[PDB]
């Protein structure tokens, strides 16, 4: 029932396509069915790829396609920090991930064929897992991410109601200034992230700055962590633009927003220390329906 791209762990490669609707919103109905059917066919042709994909929709298009039912939390991505985190809300998100980039590429071509000239691609980003699953900063990325299908479902997949089997998705492309990073001592970098670099051990929350990344995003409400399922990957070229393509799924948009309010100064006036070397340049919220809901579009 859940779209196949939310739950797989440890993908080696991904493709994200962000697009605006140029034509009739009804063109997205048949296109989405064709695409998720294509994904199933590719899974059968390439069983070792552990392929999955997600089609997700921006607020205005999803309100139209759903007749206003459900997706109670969905909204256009606002700026956070009054503009520190920009807003680039689009109509359509396609997320493809697997162990084999060459399979992802074929699936992306299938997606473009399905939607045709109804969509205007705003960016297409090819993510790759780097050495030791580290972000390009050199810090391991993923350690506290929900692990195993059971917990990942609990965090990311809506349990009941009209949206059962769906998920909220957030995507935000960051551009790393690695020269600025390399000007910082390793201890300074470690206090910026909140974990040690080589060994990847958490620095005690009582002993690290409240601006450290972990202090910004490891949030609890009455002892209950506001968890999300991250699917982020490095992207780019060594000599040109490079960074992290951040992607997160959650059964509640709330959990993602609270982390963004924290990181970008809205909650307590303090900003994530990572902004000293990297910055976000896109941002969008999308709703990923269940597969049954996609099939019911037309």
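Numbering follows the first chain given and starts at 1.
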Problem set entry | Stretch with the higher entry mean CA B-factor, where the candidates are 63-71 and 252-260 | 63-71
Exercise. Mean C-alpha B factor from the entry: is it higher for 157-165 or for 96-104?
Worked result: 157-165
For this session: Choose from 180, 172, 89, 137 the residue with the greatest Cα B-factor as stated in the PDB record.
Result: 180
Exercise. By the record's CA B-factor, is residue 25 among the lowest, middle or highest third of residues in the chain?
Worked result: highest
Problem set entry | residue 198 - Cα temperature factor, lowest/middle/highest third of chain | highest
Exercise. Taking the entry's C-alpha B-factors for this chain, is residue 185 in the lowest, middle or highest third?
Worked result: highest
Problem set entry | Chain thirds of CA B-factor: placement of residue 152 | middle
For this session: For residue 230, return the chain-relative third of its C-alpha B-factor as stated in the PDB record: lowest, middle or highest.
Result: lowest
